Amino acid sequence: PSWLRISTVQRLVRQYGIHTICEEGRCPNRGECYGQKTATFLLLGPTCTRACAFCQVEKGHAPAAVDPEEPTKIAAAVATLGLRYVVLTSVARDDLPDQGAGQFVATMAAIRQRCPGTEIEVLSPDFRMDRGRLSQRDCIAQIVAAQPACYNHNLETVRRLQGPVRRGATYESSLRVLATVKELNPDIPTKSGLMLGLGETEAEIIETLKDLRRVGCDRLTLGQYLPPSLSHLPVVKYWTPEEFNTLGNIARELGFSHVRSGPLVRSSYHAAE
């Protein structure tokens, strides 16, 4: 498809022994982003045990050990890069009693102590593997209590494609994450993104936007699914820039703000707005 086509961050992240979901998945947007003094740090990895077929994070049989210095190392990187807006995400940690929620909270505290004024957005997993543990709701509540600038949780695809696309997450559980944020503190903006091109139809995309608005999702991103080289999950369709633009407008008309819609968009792209 024709329309689909420096190292100072790269140096520091490599130097502090930390990880960005960014400089891992070779994100077409860095430098626009880097240029804007943002980046997305990946906590609790670098490997994930879940099986999402679209995701380029290295898979592993065992969870990586939790680094108690990861929060402070991220804060140091933020301070040294002079980042103004930071996104924190993580791999799913179904093995941990709090499913990793504490690591977000610690990292946010470390950043605020060292870099006052830097705004922090969270892209969380679903925390749904709750059985006999701290509840999904309380994992979310721990993070919401730290007052992120935005709480992002991606629905990724429409209802029909949840199984093959995100074997291990669900439509309802991910909707619930977004609903829960607004129940706990309606003043925290919420965000969700979808990847297009996996076989979903425009009718289904609209239904999914309506479902997001029903749980009060303030912000939307739409981008194109790009299959990882050895992924068994095929791309079905390349959505055109015009199609993304008309969907972007539809989203705005349904009440989303900070809408970002385009082939190379990801939920962290231009998050600072």
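Residue numbers here begin at 1 and follow the sequence given.
- Gap check for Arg5 to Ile6: 4 to 9 deposited residues are absent from the model.
- Stretch comparison (148-156 versus 162-170) by mean CA B-factor in the PDB entry places 162-170 on top.
- Taking the mean C-alpha B-factor of each stretch as recorded, 179-187 and 82-90 are not equal, and the higher mean is that of 179-187.
- If you compare the C-alpha temperature factors of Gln224, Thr47, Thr208, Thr221 in the entry, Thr47 comes out highest.
- Placement of the Cα temperature factor of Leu43 within the chain: lowest third of the modelled residues, per the deposited record.
- Sort the modelled residues of the chain by CA B factor and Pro125 lands in the lowest third.
- Ranked against the other modelled residues of its chain, the C-alpha B-factor of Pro116 as given in the entry falls in the highest third.
- In this PDB entry, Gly132 carries a Cα temperature factor that places it within the highest third of its chain's modelled residues.
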